[PDB]
There are 2 protein chains.
Amino acid sequence: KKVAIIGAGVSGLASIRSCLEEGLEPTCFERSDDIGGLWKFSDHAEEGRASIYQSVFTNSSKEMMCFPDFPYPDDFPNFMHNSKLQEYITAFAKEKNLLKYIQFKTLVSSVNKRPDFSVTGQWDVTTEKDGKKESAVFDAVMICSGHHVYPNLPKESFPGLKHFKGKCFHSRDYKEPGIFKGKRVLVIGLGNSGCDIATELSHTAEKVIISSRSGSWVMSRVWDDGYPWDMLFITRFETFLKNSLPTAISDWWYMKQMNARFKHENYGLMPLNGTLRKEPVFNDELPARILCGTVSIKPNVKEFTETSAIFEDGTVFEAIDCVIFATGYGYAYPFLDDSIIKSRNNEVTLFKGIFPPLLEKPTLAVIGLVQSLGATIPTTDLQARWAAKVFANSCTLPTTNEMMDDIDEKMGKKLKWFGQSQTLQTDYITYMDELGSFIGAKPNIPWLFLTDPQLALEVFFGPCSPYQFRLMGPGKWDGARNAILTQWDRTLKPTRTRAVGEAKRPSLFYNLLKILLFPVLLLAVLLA
Amino acid sequence: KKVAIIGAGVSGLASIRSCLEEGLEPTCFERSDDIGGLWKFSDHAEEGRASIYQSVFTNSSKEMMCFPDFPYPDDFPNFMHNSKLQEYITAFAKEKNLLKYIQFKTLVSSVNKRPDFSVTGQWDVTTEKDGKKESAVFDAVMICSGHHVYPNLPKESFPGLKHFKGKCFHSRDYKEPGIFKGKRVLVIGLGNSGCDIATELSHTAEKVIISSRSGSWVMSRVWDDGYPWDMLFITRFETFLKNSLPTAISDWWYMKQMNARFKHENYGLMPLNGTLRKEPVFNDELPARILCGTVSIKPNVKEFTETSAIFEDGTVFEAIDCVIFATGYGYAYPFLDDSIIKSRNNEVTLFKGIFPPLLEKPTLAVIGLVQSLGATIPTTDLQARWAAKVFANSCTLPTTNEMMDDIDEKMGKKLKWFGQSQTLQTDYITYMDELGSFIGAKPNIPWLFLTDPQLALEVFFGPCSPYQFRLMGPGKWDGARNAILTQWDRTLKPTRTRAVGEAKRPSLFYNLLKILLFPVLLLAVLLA
Ligand SMILES: Cc1cc2nc3c(=O)[nH]c(=O)nc-3n(C[C@H](O)[C@H](O)[C@H](O)COP(=O)(O)OP(=O)(O)OC[C@H]3O[C@@H](n4cnc5c(N)ncnc54)[C@H](O)[C@@H]3O)c2cc1C
Ligand SMILES: Cc1cc2nc3c(=O)[nH]c(=O)nc-3n(C[C@H](O)[C@H](O)[C@H](O)COP(=O)(O)OP(=O)(O)OC[C@H]3O[C@@H](n4cnc5c(N)ncnc54)[C@H](O)[C@@H]3O)c2cc1C
Ligand SMILES: NC(=O)c1ccc[n+]([C@@H]2O[C@H](COP(=O)([O-])OP(=O)(O)OC[C@H]3O[C@@H](n4cnc5c(N)ncnc54)[C@H](OP(=O)(O)O)[C@@H]3O)[C@@H](O)[C@H]2O)c1
Ligand SMILES: NC(=O)c1ccc[n+]([C@@H]2O[C@H](COP(=O)([O-])OP(=O)(O)OC[C@H]3O[C@@H](n4cnc5c(N)ncnc54)[C@H](OP(=O)(O)O)[C@@H]3O)[C@@H](O)[C@H]2O)c1
């Protein structure tokens, strides 16, 4: 029953609550004095903790990034300031009575198999508190220590950088644009950090450049008809199509969508390989900032000088005041023997990104080491539900090489779809469904068409909103049906503060992507 | 031959150069020590002068807002910082040798018909210089004193405003957002000033609201396929359609376009009367700022309190720190008898916005008192060409009531199209064509379709770029043809700083707006 939970960020909180709903006895160790982890802004980056800049807004929609049984307030904006999310996370801990189970100011310094591990499956958790080390035995462990904390910072990768006389640092340490007024800034990396920092700087800096290896597709929070992108883009029907179409048709369809608003070619953003379903950039400002000549995109940096950067196409950025490395993150687990997670090819091998296979007893779970178009909060809520049930012997894992087979197959899919077997990227609805099956909470679409087809349609054709994953099966929420059916109400409410039109909600009586298909395939193969 | 020119802004400079090309002897009086007028930023609003805030970017494209014979440098951004335009204006004055003819630091204090005006048609121009009045006789006068200087500020229009204890001022005096950090700001007016100031503030203010009577359509610099809006939207063909379609079809087509990117209804921007071809808002940030909950739109203010504003729908904005009136401008001419310009119904009456009819001899011209989707620079270049020719007795006006008839007809059209007979708004290509005819510089589309049909097509179906207005007829430029044919090169060059795609210039072999009409009118009325 005793479960150690490392971290009180979103992953940890999800874990505590899932432990409680399976009658386990959770203890959550948090090295700082607050919950929310990454989402609580602070002026200075702390070691071992993620570090966000002040102007971060969610890039997932509110109706897509709530705990499935706890919607965001009706009046909340669809995309929220970091502080607004912190407020919600805090609300959720309070509501679900999770604070009891958290020991703050306690670092977990090591986690070690018990000497009798093959028969008990217990763990020795060591925790440094006031400078005072301690130790205790737990039946299971949940690692919720995050993967946006240890910067990926290839210093040793750029010829000449040693010589550069200006200030130079990583996305992690960017906070406010104040001190950059009329400065010359180069940003390395066309990620969401890179683009946010570049566009923000572009309002006050003298000149700003983003250097990109591979380019990137760029989407926006404001999508078709001003609806949040993810409520339109992440759909069981849309996933059905991209899953079960000739991959040349599907690859075509994807690139059409991504390149519809503006021609990436003309803006210097066109990805080297546009078929890759890599996580896109979500950034509303960037095209305008580029067209107004406040940001330009260049290829990778070839060489630095004392004062300059020269790019792979020959051009030069003179008199650079500052270089920002917006080059992403790795991940670590300093408190754990490398052999547990990296149990093969010196490479992270986890069943469904969660359970290390080879483990004699399934009593360690990694929560939140998974990236999709979908949001962390709903993803981790599901991960935790499953891990909690595995710990309570209510579910059991498949066999050891059943799991390794799955891992091998997934690494192959990952290379195909993302160009990396080692990425954390996965297809959201697919992943959510796999885990859904394991705990019997995958919504039965057909059973719905047959009883309550209104809901069935909104579930399949509409947003793959978190509510759906606590609709039926154990741990379901009674609010779920109502929540799904009122999701567009909550989306349209806050934005319509001057009522002149009639509010326009999306129609299912629509098929916007089936008029130039099944009708034109109905006058073509109705003639020949 | 002696012509007095009041002001050395864009209108004045256009006037000086047109005077020179008709052999007149221009004298330009400029109250300040520099040219460019409104476009040269300064920290503090000067009396009698326009006043711009620091972050103003052009909302017209470079290939649409150059003097027709002087394109912007190849590398210039399609939309430019105010300082960049100042640089171009300065380049133009230098190149065309206009500085000789400007007396700086000289205010024009009055302009008076000579006592022998009915025979000579001359003018007494009085100018204060060093506190030192002088006076001189001129054959003609060109008024180029602008119409974005005297703020429209309805103080006694808002019940309770006298009592409001917070700071309160007009768009004119907004400059930097620094001092508004975490302040609560209400902005009155959903014009381009209002929206710029609101969105800028929304990055650092605590809360920002825009109050709008009537709402507004909102376009963006980044239009279809990332091309500048005006290069796509302002087209002879497009004007042909909206001119000669049943006005209910055309009104439908206009609203479809404006409401395509996002549903104004849902964002609180929907205009009270969406058929009105009022100048739209050009603003790239606003939808995202609204969707992120940093800006919300409310109806008109009903009542102010000591500390609050209450809106027509009952809601309230508590603890307002600052109210910004972004409520536009009127216009004046303090140096001129009211009877000259307002020569009827105590209402501005000018033939083609330029010549006061009733004037015994046509020796006074107002330059730049005209607004369209088109840009001031090309518009005033044409106005000045005509006025200069009228002054040199190379052209002559129609009869006095021929002109009044035209004014009456125009005021009717204005009420129909804009809901105001008194607006400065007019249809760009129509106006440019009328003036074109008068000086024999209206491009002969048919003659082109017959000789050089490549050019003919780009002139008619492509952007109504300034080049086209000095293509044929007197005062033409030989660079014009080449300029028109390379306009997309100059648009795409600066923005494509990382070459991965193939650059995508637009096709005429396209008709993007002819596939759901001439085909559906080809299976429907191809059956019945
Ligand atoms: C700039 C940025 C924006 C993002 N925006 C979005 C978005 O809009 N939508 C979205 O879904 N996701 C977003 N993400 C992804 C984000 O990572 C997740 O939403 C989520 O916050 C990660 O939560 P976590 O609990 O797994 O990690 P963290 O928040 O990093 O949680 C780790 C916690 O454990 C503690 N801890 C670490 N090590 C130890 C130890 N050894 N002992 C004890 N305690 C420890 C830390 O103090 C922290 O409290 C964003 C990430 C970044 C960087
Ligand atoms: C914020 C803003 C953005 C704009 N953006 C655009 C745009 O992108 N594109 C566009 O086409 N238009 C734009 N406009 C419209 C703009 O008005 C024109 O581009 C143009 O600047 C107008 O020039 P002007 O010569 O008529 O008047 P002004 O620029 O006001 O110049 C008038 C000159 O007359 C002088 N003057 C006035 N009275 C006297 C006197 N008695 N004696 C001597 N001198 C006098 C003043 O010192 C000044 O130098 C914008 C306007 C604003 C406010
Ligand atoms: N909510 C928000 O608005 C928001 C804001 C910021 C971040 N986030 C989230 O946090 C996560 C991390 O984003 P991030 O920008 O910090 O990291 P990221 O998504 O991993 O981006 C890293 C960027 O730098 C490039 N890069 C990596 N190593 C490089 C090297 N050695 N040389 C040159 N370029 C290199 C990568 O390009 P390749 O693809 O070519 O490697 C990529 O463009 C994302 O999921 C993001 O969505 C969210
Ligand atoms: N290049 C740029 O980016 C840029 C930036 C700013 C301005 N400009 C240009 O400068 C010009 C002026 O723009 P602007 O915003 O200053 O002024 P404006 O275009 O005249 O707009 C004024 C706004 O305030 C409203 N208003 C006027 N009187 C009011 C009252 N008594 N109560 C409530 N509302 C009232 C108007 O309402 P109605 O709509 O109901 O009349 C309108 O929404 C335009 O040509 C504009 O394009 C350009």
# chains A, B, ... in the order shown; residues from 1 in each chain; ligands from 1
$ residues_near_ligand --ligand "ligand 2" --cutoff "8 Å" --atoms "only C-alpha atoms and all ligand atoms" --output "PyMOL selection string"
chain B and resi 6-13+29-32+34-39+48-53+56-61+65+105-110+127+144-149+192-193+333-335+367-369+371+374-378
$ closest_atom_pairs --of "chain A" --to "ligand 3" --cutoff "8 Å" --atoms "only C-alpha atoms and all ligand atoms" --output "JSON lines"
{"residue": "A:56", "atom": "CA", "partner": "ligand 3", "partner_atom_place_in_ligand_line": "3 (O)", "distance": 5.5}
{"residue": "A:57", "atom": "CA", "partner": "ligand 3", "partner_atom_place_in_ligand_line": "3 (O)", "distance": 5.0}
{"residue": "A:58", "atom": "CA", "partner": "ligand 3", "partner_atom_place_in_ligand_line": "1 (N)", "distance": 3.9}
{"residue": "A:59", "atom": "CA", "partner": "ligand 3", "partner_atom_place_in_ligand_line": "1 (N)", "distance": 4.0}
{"residue": "A:60", "atom": "CA", "partner": "ligand 3", "partner_atom_place_in_ligand_line": "1 (N)", "distance": 6.9}
{"residue": "A:148", "atom": "CA", "partner": "ligand 3", "partner_atom_place_in_ligand_line": "12 (C)", "distance": 6.8}
{"residue": "A:152", "atom": "CA", "partner": "ligand 3", "partner_atom_place_in_ligand_line": "28 (N)", "distance": 6.7}
{"residue": "A:153", "atom": "CA", "partner": "ligand 3", "partner_atom_place_in_ligand_line": "31 (N)", "distance": 7.0}
{"residue": "A:154", "atom": "CA", "partner": "ligand 3", "partner_atom_place_in_ligand_line": "31 (N)", "distance": 5.1}
{"residue": "A:157", "atom": "CA", "partner": "ligand 3", "partner_atom_place_in_ligand_line": "31 (N)", "distance": 6.6}
{"residue": "A:171", "atom": "CA", "partner": "ligand 3", "partner_atom_place_in_ligand_line": "16 (O)", "distance": 6.6}
{"residue": "A:172", "atom": "CA", "partner": "ligand 3", "partner_atom_place_in_ligand_line": "16 (O)", "distance": 7.8}
{"residue": "A:188", "atom": "CA", "partner": "ligand 3", "partner_atom_place_in_ligand_line": "34 (N)", "distance": 5.8}
{"residue": "A:189", "atom": "CA", "partner": "ligand 3", "partner_atom_place_in_ligand_line": "24 (O)", "distance": 3.4}
{"residue": "A:190", "atom": "CA", "partner": "ligand 3", "partner_atom_place_in_ligand_line": "43 (O)", "distance": 3.7}
{"residue": "A:191", "atom": "CA", "partner": "ligand 3", "partner_atom_place_in_ligand_line": "15 (O)", "distance": 3.5}
{"residue": "A:192", "atom": "CA", "partner": "ligand 3", "partner_atom_place_in_ligand_line": "15 (O)", "distance": 4.2}
{"residue": "A:193", "atom": "CA", "partner": "ligand 3", "partner_atom_place_in_ligand_line": "15 (O)", "distance": 3.6}
{"residue": "A:194", "atom": "CA", "partner": "ligand 3", "partner_atom_place_in_ligand_line": "15 (O)", "distance": 5.2}
{"residue": "A:195", "atom": "CA", "partner": "ligand 3", "partner_atom_place_in_ligand_line": "15 (O)", "distance": 7.5}
{"residue": "A:196", "atom": "CA", "partner": "ligand 3", "partner_atom_place_in_ligand_line": "5 (C)", "distance": 6.3}
{"residue": "A:211", "atom": "CA", "partner": "ligand 3", "partner_atom_place_in_ligand_line": "33 (C)", "distance": 7.5}
{"residue": "A:212", "atom": "CA", "partner": "ligand 3", "partner_atom_place_in_ligand_line": "34 (N)", "distance": 6.0}
{"residue": "A:213", "atom": "CA", "partner": "ligand 3", "partner_atom_place_in_ligand_line": "40 (O)", "distance": 5.1}
{"residue": "A:214", "atom": "CA", "partner": "ligand 3", "partner_atom_place_in_ligand_line": "40 (O)", "distance": 4.7}
{"residue": "A:215", "atom": "CA", "partner": "ligand 3", "partner_atom_place_in_ligand_line": "40 (O)", "distance": 6.8}
{"residue": "A:216", "atom": "CA", "partner": "ligand 3", "partner_atom_place_in_ligand_line": "43 (O)", "distance": 7.2}
{"residue": "A:278", "atom": "CA", "partner": "ligand 3", "partner_atom_place_in_ligand_line": "39 (O)", "distance": 7.4}
{"residue": "A:279", "atom": "CA", "partner": "ligand 3", "partner_atom_place_in_ligand_line": "45 (O)", "distance": 7.1}
{"residue": "A:280", "atom": "CA", "partner": "ligand 3", "partner_atom_place_in_ligand_line": "47 (O)", "distance": 7.9}
{"residue": "A:281", "atom": "CA", "partner": "ligand 3", "partner_atom_place_in_ligand_line": "47 (O)", "distance": 7.0}
{"residue": "A:282", "atom": "CA", "partner": "ligand 3", "partner_atom_place_in_ligand_line": "3 (O)", "distance": 6.7}
{"residue": "A:283", "atom": "CA", "partner": "ligand 3", "partner_atom_place_in_ligand_line": "3 (O)", "distance": 7.4}
{"residue": "A:300", "atom": "CA", "partner": "ligand 3", "partner_atom_place_in_ligand_line": "33 (C)", "distance": 6.5}
{"residue": "A:301", "atom": "CA", "partner": "ligand 3", "partner_atom_place_in_ligand_line": "33 (C)", "distance": 7.9}
{"residue": "A:325", "atom": "CA", "partner": "ligand 3", "partner_atom_place_in_ligand_line": "24 (O)", "distance": 7.6}
{"residue": "A:326", "atom": "CA", "partner": "ligand 3", "partner_atom_place_in_ligand_line": "24 (O)", "distance": 5.4}
{"residue": "A:327", "atom": "CA", "partner": "ligand 3", "partner_atom_place_in_ligand_line": "24 (O)", "distance": 3.5}
{"residue": "A:328", "atom": "CA", "partner": "ligand 3", "partner_atom_place_in_ligand_line": "17 (O)", "distance": 3.3}
{"residue": "A:329", "atom": "CA", "partner": "ligand 3", "partner_atom_place_in_ligand_line": "20 (O)", "distance": 6.1}
{"residue": "A:371", "atom": "CA", "partner": "ligand 3", "partner_atom_place_in_ligand_line": "45 (O)", "distance": 7.0}
$ closest_residue --among "A:140, A:187, A:415, A:424" --to "ligand 1" --atoms "only C-alpha atoms and all ligand atoms"
A:424
$ closest_atom_pairs --of "chain B" --to "chain A" --cutoff "7 Å" --atoms "only C-alpha atoms" --output "Markdown table"
| residue | atom | partner | partner_atom | distance |
| --- | --- | --- | --- | --- |
| B:77 | CA | A:293 | CA | 5.2 |
| B:78 | CA | A:291 | CA | 6.3 |
| B:79 | CA | A:292 | CA | 4.8 |
| B:80 | CA | A:292 | CA | 5.9 |
| B:221 | CA | A:288 | CA | 6.8 |
| B:222 | CA | A:288 | CA | 6.0 |
| B:224 | CA | A:261 | CA | 6.8 |
| B:225 | CA | A:262 | CA | 4.0 |
| B:226 | CA | A:262 | CA | 4.2 |
| B:260 | CA | A:225 | CA | 6.6 |
| B:261 | CA | A:225 | CA | 5.4 |
| B:262 | CA | A:225 | CA | 3.9 |
| B:263 | CA | A:225 | CA | 5.3 |
| B:265 | CA | A:501 | CA | 4.6 |
| B:266 | CA | A:496 | CA | 4.9 |
| B:267 | CA | A:496 | CA | 5.0 |
| B:268 | CA | A:498 | CA | 4.4 |
| B:270 | CA | A:500 | CA | 6.0 |
| B:272 | CA | A:500 | CA | 6.8 |
| B:284 | CA | A:288 | CA | 6.4 |
| B:285 | CA | A:285 | CA | 6.5 |
| B:288 | CA | A:222 | CA | 6.1 |
| B:290 | CA | A:495 | CA | 6.5 |
| B:291 | CA | A:495 | CA | 6.3 |
| B:292 | CA | A:79 | CA | 4.8 |
| B:293 | CA | A:77 | CA | 5.0 |
| B:296 | CA | A:497 | CA | 6.4 |
| B:297 | CA | A:497 | CA | 5.8 |
| B:298 | CA | A:498 | CA | 4.8 |
| B:299 | CA | A:498 | CA | 5.7 |
| B:492 | CA | A:266 | CA | 6.2 |
| B:495 | CA | A:267 | CA | 5.3 |
| B:496 | CA | A:268 | CA | 5.0 |
| B:497 | CA | A:298 | CA | 5.7 |
| B:498 | CA | A:268 | CA | 4.6 |
| B:499 | CA | A:268 | CA | 6.2 |
| B:500 | CA | A:270 | CA | 6.2 |
| B:501 | CA | A:265 | CA | 4.5 |
| B:502 | CA | A:265 | CA | 6.4 |
| B:503 | CA | A:266 | CA | 5.6 |
| B:504 | CA | A:266 | CA | 6.5 |
$ select_by_dssp --residues "range 44-215 of chain A" --states "alpha helix (DSSP H)" --output "list in words"
residues 82, 83, 84, 85, 86, 87, 88, 89, 90, 91, 92, 93, 94, 95, 96, 117, 118, 119, 120, 192, 193, 194, 195, 196, 197, 198, 199, 200 and 201 of chain A
$ write_last_selection --atoms "C-alpha atoms" --output "tab-separated table (two decimals), in the first residue's frame"
chain	number	residue	atom	x	y	z
A	82	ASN	CA	1.11	30.48	-16.54
A	83	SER	CA	-0.17	32.06	-13.34
A	84	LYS	CA	-3.77	31.16	-14.28
A	85	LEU	CA	-2.81	27.44	-14.59
A	86	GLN	CA	-1.03	27.55	-11.24
A	87	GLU	CA	-4.33	28.82	-9.81
A	88	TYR	CA	-6.15	25.82	-11.34
A	89	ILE	CA	-3.56	23.30	-10.20
A	90	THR	CA	-3.81	24.76	-6.71
A	91	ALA	CA	-7.60	24.52	-6.89
A	92	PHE	CA	-7.34	20.84	-7.88
A	93	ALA	CA	-4.99	19.90	-5.02
A	94	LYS	CA	-7.33	21.68	-2.58
A	95	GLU	CA	-10.47	20.03	-4.02
A	96	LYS	CA	-8.96	16.49	-3.98
A	117	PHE	CA	13.42	-7.18	-4.13
A	118	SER	CA	12.67	-10.38	-6.08
A	119	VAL	CA	10.17	-11.50	-3.40
A	120	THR	CA	8.84	-8.23	-1.96
A	192	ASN	CA	8.15	26.93	-29.06
A	193	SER	CA	10.65	28.49	-26.62
A	194	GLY	CA	12.72	29.86	-29.46
A	195	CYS	CA	9.76	31.36	-31.23
A	196	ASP	CA	8.17	32.83	-28.08
A	197	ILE	CA	11.44	34.42	-26.99
A	198	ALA	CA	12.22	35.65	-30.51
A	199	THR	CA	8.79	37.28	-31.06
A	200	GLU	CA	8.73	38.83	-27.57
A	201	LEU	CA	12.25	40.26	-28.10
$ atom_distance --atom1 "CA of residue 322 in chain A" --atom2 "CA of residue 44 in chain A"
18.6 Å
$ residues_around --residues "residue 156 in chain B" --least-positions-apart "6" --cutoff "12 Å" --atoms "only C-alpha atoms" --output "PyMOL selection string"
chain B and resi 162-163+303-304
$ write_last_selection --atoms "N, CA and C atoms" --output "mmCIF file, in the first residue's frame"
data_model
loop_
_atom_site.group_PDB
_atom_site.id
_atom_site.type_symbol
_atom_site.label_atom_id
_atom_site.label_comp_id
_atom_site.auth_asym_id
_atom_site.auth_seq_id
_atom_site.Cartn_x
_atom_site.Cartn_y
_atom_site.Cartn_z
ATOM 1 N N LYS B 162 -16.501 63.711 -15.932
ATOM 2 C CA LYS B 162 -15.905 64.819 -15.168
ATOM 3 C C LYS B 162 -15.394 64.299 -13.821
ATOM 4 N N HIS B 163 -16.138 63.338 -13.241
ATOM 5 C CA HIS B 163 -15.931 62.817 -11.890
ATOM 6 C C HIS B 163 -14.785 61.799 -11.830
ATOM 7 N N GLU B 303 -21.843 55.164 -18.507
ATOM 8 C CA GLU B 303 -21.665 56.052 -17.383
ATOM 9 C C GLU B 303 -20.275 55.797 -16.776
ATOM 10 N N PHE B 304 -19.566 56.871 -16.426
ATOM 11 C CA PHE B 304 -18.388 56.773 -15.587
ATOM 12 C C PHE B 304 -18.759 57.131 -14.143
#
$ closest_residue --among "B:43, B:33, B:173, B:408" --to "ligand 4" --atoms "only C-alpha atoms and all ligand atoms"
B:173
$ atom_distance --atom1 "atom 22 (C, counted along the ligand's line) of ligand 1" --atom2 "CA of residue 143 in chain A"
12.1 Å
$ select_by_dssp --residues "range 163-321 of chain B" --states "strand (DSSP E)" --output "PyMOL selection string"
chain B and resi 167-170+184-188+207-211+218-219+281-282+296-298+301-304+309-311+316-317
$ write_last_selection --atoms "C-alpha atoms" --output "mmCIF file, in the first residue's frame"
data_model
loop_
_atom_site.group_PDB
_atom_site.id
_atom_site.type_symbol
_atom_site.label_atom_id
_atom_site.label_comp_id
_atom_site.auth_asym_id
_atom_site.auth_seq_id
_atom_site.Cartn_x
_atom_site.Cartn_y
_atom_site.Cartn_z
ATOM 1 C CA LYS B 167 -5.640 59.662 -15.577
ATOM 2 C CA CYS B 168 -7.391 60.096 -18.968
ATOM 3 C CA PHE B 169 -5.998 61.185 -22.404
ATOM 4 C CA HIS B 170 -6.211 60.762 -26.210
ATOM 5 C CA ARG B 184 -5.933 48.691 -15.528
ATOM 6 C CA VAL B 185 -6.629 50.454 -18.850
ATOM 7 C CA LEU B 186 -9.833 51.151 -20.758
ATOM 8 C CA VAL B 187 -9.490 52.101 -24.420
ATOM 9 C CA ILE B 188 -12.368 53.891 -26.151
ATOM 10 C CA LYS B 207 -6.303 44.226 -17.587
ATOM 11 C CA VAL B 208 -7.198 45.902 -20.898
ATOM 12 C CA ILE B 209 -10.613 46.507 -22.393
ATOM 13 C CA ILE B 210 -11.653 48.088 -25.669
ATOM 14 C CA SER B 211 -15.078 49.771 -25.744
ATOM 15 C CA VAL B 218 -10.481 43.054 -38.528
ATOM 16 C CA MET B 219 -7.997 42.146 -41.278
ATOM 17 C CA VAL B 281 -8.887 47.400 -38.543
ATOM 18 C CA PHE B 282 -5.499 46.083 -39.628
ATOM 19 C CA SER B 296 -11.752 41.844 -24.278
ATOM 20 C CA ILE B 297 -14.168 43.972 -26.254
ATOM 21 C CA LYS B 298 -17.166 45.622 -24.557
ATOM 22 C CA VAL B 301 -19.608 53.191 -22.025
ATOM 23 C CA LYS B 302 -22.954 54.235 -20.467
ATOM 24 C CA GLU B 303 -21.665 56.052 -17.383
ATOM 25 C CA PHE B 304 -18.388 56.773 -15.587
ATOM 26 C CA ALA B 309 -16.908 52.518 -16.114
ATOM 27 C CA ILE B 310 -20.255 50.864 -16.706
ATOM 28 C CA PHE B 311 -21.103 49.659 -20.193
ATOM 29 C CA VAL B 316 -18.528 47.147 -15.095
ATOM 30 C CA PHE B 317 -14.792 47.731 -15.267
#
$ residues_around --residues "range 238-253 of chain A" --least-positions-apart "6" --cutoff "8 Å" --atoms "only C-alpha atoms" --output "JSON list (two decimals) with N, CA, C and O atoms, in the first residue's frame"
[["chain", "number", "residue", "atom", "x", "y", "z"],
["A", 275, "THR", "N", 6.91, 15.83, -44.02],
["A", 275, "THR", "CA", 6.00, 14.70, -43.74],
["A", 275, "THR", "C", 6.08, 14.31, -42.26],
["A", 275, "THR", "O", 5.18, 13.66, -41.77],
["A", 429, "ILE", "N", -4.37, 10.05, -29.33],
["A", 429, "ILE", "CA", -5.59, 9.30, -29.13],
["A", 429, "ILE", "C", -5.28, 7.79, -29.10],
["A", 429, "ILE", "O", -5.90, 7.04, -28.34],
["A", 461, "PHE", "N", -16.59, 12.69, -33.44],
["A", 461, "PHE", "CA", -16.35, 13.73, -34.46],
["A", 461, "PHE", "C", -15.85, 15.03, -33.83],
["A", 461, "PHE", "O", -15.19, 15.81, -34.50]]
$ closest_residue --among "A:236, A:389, A:342, A:277" --to "residue 362 in chain A" --atoms "only C-alpha atoms"
A:389
